[PDB]
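Each remark here refers to the structure printed beneath this line.
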Amino acid sequence: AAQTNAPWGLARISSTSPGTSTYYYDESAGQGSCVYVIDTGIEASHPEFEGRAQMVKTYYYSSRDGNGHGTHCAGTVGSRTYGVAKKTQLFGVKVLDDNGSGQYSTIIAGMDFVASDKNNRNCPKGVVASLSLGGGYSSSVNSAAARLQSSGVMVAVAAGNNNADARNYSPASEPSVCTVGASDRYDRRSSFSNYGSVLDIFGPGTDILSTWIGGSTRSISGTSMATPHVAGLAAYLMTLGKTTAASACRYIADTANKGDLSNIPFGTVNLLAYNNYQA
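Numbering (the deposited numbering) for the sequence shown: 1 to 279.
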């Protein structure tokens with residue numbers, strides 16, 4: 001399949017070169033996989049989700065995404081126009097309030113919720129969780145992310161937007177989950193992206209167009225935007241049978257475009273998520 005005039009990040013993940021405009025992908029498109037978006041919620045009624053999104057848990061008064069961030073990330077995972085895995089099922093877990101903030105105890109609870117809830121869902125191709133959030137180092141947050149991964153969920157987390165070493169941020173610094181940095185459309189490390197030995201992979205994160213609340217769309221930047229590219233890519237590859245939740249991060253690293261990014265400090269992987277699609 002081919003999507004012409006796609007958002008640059010979708011085109012980038014199906015190309016060995018920057019600057020293309022078509023997103024090439026297998027038509028299976030993540031069908032049969034499930035991605036939990038642990039964030040501010042998802043506006044599931046957005047036409048771009050085509051009935052494939054639903055809220056499953058909220059830690060606040062409402063399940064509504066009153067912010068937009070979670071809807072944007074979910075759109076990059078799996079919306080029709082803006083998504084990597086255009087046929088995946090999306091499940092929203094609202095751990096962040098409508099200002100985009102949340103307490104670590106609540107974020108931890110949301111991770112434990114997914115580890116258990118997935119046992120109640122039909123997700124024959126496997127389960128992914130996208131965590132576009134983080135704060136300072138916390139062993140408890142890292143442990144919760146490790147538990148979620150251990151339970152059989154492919155966990156992708158944002159590296160953080162501090163232009164600093166991700167070792168000092170959580171869940172970014174948890175070694176057993178997939179820690180995602182951000183790149184721009186010219187194959188530079190995004191100026192805000194964290195880096196360091198704990199990064200596994202980079203994905204498109206600067207100027208990413210996706211869904212927003214009120215049935216709208218907008219372009220925003222962050223490692224929060226790179227993370228759902230990788231989560232969607234994992235779901236897509238799991239549906240194809242190329243990998244499993246336990247091995248998806250290493251498979252994505254194995255098959256990434258290598259050495260194409262600039263402004264990568266020595267000791268940080270130079271690996272950009274790539275679907276290796278061949279027509």
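A virtual CB, placed ideally from N, CA and C, is assigned to each residue, including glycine.
Residues near residue i in its chain [Cβ-Cβ closer than 8 Å; skip 5 each side]
i: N99; result: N67
i: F192; result: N161, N162, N163, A182, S221, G222 and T223
DSSP bridge partner residues for residue i (one or two, in chain order)
i: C249; result: Bridge partners of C249: none, in fact.
i: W212; result: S216
i: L96; result: Paired residue(s): none; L96 is not in a bridge.
i: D165; result: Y195
i: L90; result: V35 and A53
i: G68; result: DSSP lists no partner for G68.
i: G136; result: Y169
Same chain only: Cβ atoms within 6 Å of residue i, ignoring 5 sequence neighbours per side
i: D165; result: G196
i: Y23; result: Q3, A6, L10, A11 and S14
i: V128; result: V35, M154, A231, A234 and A235
i: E27; result: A1
i: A146; result: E174 and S176
i: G92; result: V37, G41, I42 and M55
Short Cβ contact (8 Å threshold) for residue i with residue j
i: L261; j: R189; result: yes
i: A256; j: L272; result: yes
i: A1; j: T211; result: no
i: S150; j: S170; result: no
i: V35; j: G232; result: yes
i: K94; j: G134; result: no
i: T88; j: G30; result: yes
i: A158; j: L131; result: yes
i: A226; j: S33; result: no
i: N168; j: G203; result: no
i: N122; j: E174; result: no
i: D97; j: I213; result: no
Coarse secondary structure for residue i, derived from DSSP in three states
i: residue 280; result: Since the first residue of the chain shown is 1 and the last is 279, residue 280 is not available in this structure.
i: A234; result: helix
i: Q103; result: coil
i: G259; result: coil
i: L148; result: helix
i: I264; result: coil
i: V269; result: coil
i: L131; result: strand
i: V155; result: strand
i: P204; result: strand
i: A2; result: strand
i: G110; result: helix
i: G126; result: strand
i: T244; result: coil
Sequence-distant residues of the same chain with beta carbon closer than 7 Å to residue i, five excluded per side
i: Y186; result: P18
i: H46; result: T71, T211 and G215
i: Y59; result: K94, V95, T106, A109 and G110
i: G205; result: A182, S183, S190, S193, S221, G222, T223, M225 and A226
i: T239; result: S28, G30, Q31, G32, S33 and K125
i: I208; result: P7, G9, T76, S219, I220, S221 and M225
- Item | Contiguous beta strand (DSSP E) assignments of at least 3 residues, all confined to the region 169-194 | 178-183
- Message: What ranges does the beta strand (DSSP E) occupy inside the region 17-59, keeping only unbroken runs of at least 3 residues that lie completely in it?
- Response: List check, beta strand (DSSP E) in window: 33-39 and 53-58.
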